[PDB]
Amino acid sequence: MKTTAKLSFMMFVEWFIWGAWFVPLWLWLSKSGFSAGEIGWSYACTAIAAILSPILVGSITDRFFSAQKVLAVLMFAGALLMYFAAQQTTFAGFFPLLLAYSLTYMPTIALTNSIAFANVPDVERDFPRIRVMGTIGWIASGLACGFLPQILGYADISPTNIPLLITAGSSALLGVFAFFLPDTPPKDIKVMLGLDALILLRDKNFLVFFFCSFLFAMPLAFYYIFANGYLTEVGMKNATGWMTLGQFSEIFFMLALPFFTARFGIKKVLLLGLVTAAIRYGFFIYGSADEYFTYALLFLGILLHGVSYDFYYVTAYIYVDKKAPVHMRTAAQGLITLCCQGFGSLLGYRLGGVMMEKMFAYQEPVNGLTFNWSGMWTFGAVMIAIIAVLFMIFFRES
């Protein structure tokens, strides 16, 4: 029970619980009678909570409560709120409980990486090694949810609420484990996220980056709300655990990434992630698992998801850091996260969801598919292509 290894367990569980439910959710909702647009709103809960929680963390670190004491009760509230949500037959009863849970979860991200940062001897020695534990625990929820139950004699739980239950149980666990976590002190103008960072848009490169990133987030939201549903509808078994190849891919390919970034330069690497997200979505157009070649395309798409994340998200953060004034880089990160990764995420979810029910929903299933999945992946791949070319020509740097 060493203090640093304590930190690692709490990181692991913290992202374990978000994973346990985020990935399977579509299958249980479509099967329990939701429609594409209801489901889109359900995944939009995520983006709303993301953009709204800096406010909440102003509330939640401002007051004298130290982070570990807070995380215990936010975790307990989350277990309660989502158990309640998990028992919901309807969209009307289900949605507000998901939004409530989401609001009490997303501050914990900050809480937990605060407690890791404060109580670790060397930041560059231990912080990275703590924060990959988050990815590890995402993996663990995935394997627990797509592989473990079948190992004990049960069938795929993805079309059922048990993932919703796993997350609740894990919340409960992290709650109790917050007793044994070291003391972490906390650390009032609401306008910090935006106004600090809005006047950085005047630089041309920064604006093209900002708005092409914001466009990026909307097709890229298709993956998180549809990949598992489609993967299983097209015949891949244990899809919710096989999707951890994107996580393993991120982890392992990022060692290869810095040597990339040196040899080619940020504009090349920024659009390289773009092109492999395009390629990946194409793989999802044509893959359908009946034959080994289409199956291989499925797996390769998941791989290049982690490749694509490493190419774009991490260098993007770097770019903002080297490109922003030091007092203001935390502000700018807050900002691009806020709209790009928050409003672009919401746009992605609901654009895609109502677009599916309006233009793709099958009236009666054909060959196991109740959606023209290939068609939507193709929409998104095409749109990635043409936002990508704009960024190729509308922006340049050295």
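The first residue of the sequence shown is number 1, and the count goes up from there.
Worksheet item: Would you class the number of unmodelled deposited residues between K187 and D188 as none, 1 to 3, 4 to 9, or 10 or more?
Response: In the record, 4 to 9 residues between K187 and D188 lack coordinates.
Practice prompt. Using the B-factors recorded in the PDB entry, average over the C-alpha atoms of 171 to 179 and of 92 to 100, then report which stretch comes out higher.
Written response: Mean C-alpha B-factor is greater for 92 to 100.
Fill in: 118 to 126 or 226 to 234, whichever carries the higher mean Cα B-factor
118 to 126 has the higher mean C-alpha B-factor.
Worksheet item: When you compare the CA B-factors of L27, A47, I55, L369 as listed in the entry, which one comes out on top?
Response: Checking the PDB record, the top C-alpha B-factor among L27, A47, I55, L369 is at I55.
Practice prompt. Consider only the C-alpha atoms of the modelled residues in this chain, order them by B-factor as the entry records it, and name the third containing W41: lowest, middle or highest.
Written response: For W41, the deposited C-alpha B-factor lands in the middle third.
Worksheet item: Considering only modelled residues of the same chain, in which third does the CA B-factor of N205 rank: lowest, middle or highest?
Response: Its C-alpha B-factor, which the entry lists for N205, ranks in the highest third among residues of this chain.
Worksheet item: Once the chain's modelled residues are ordered by C-alpha B factor and cut into thirds, is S249 in the lowest, middle or highest one?
Response: Ranked within chain, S249 CA B lands in the middle tercile.
Worksheet item: According to the PDB entry, is the CA B factor of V73 in the bottom, middle or top third of its chain, that is, lowest, middle or highest?
Response: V73: CA B-factor falls in the middle third of its chain.
Worksheet item: Lowest, middle or highest third: where is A277 by Cα B-factor in its chain?
Response: Tercile = middle for this residue's CA B-factor.
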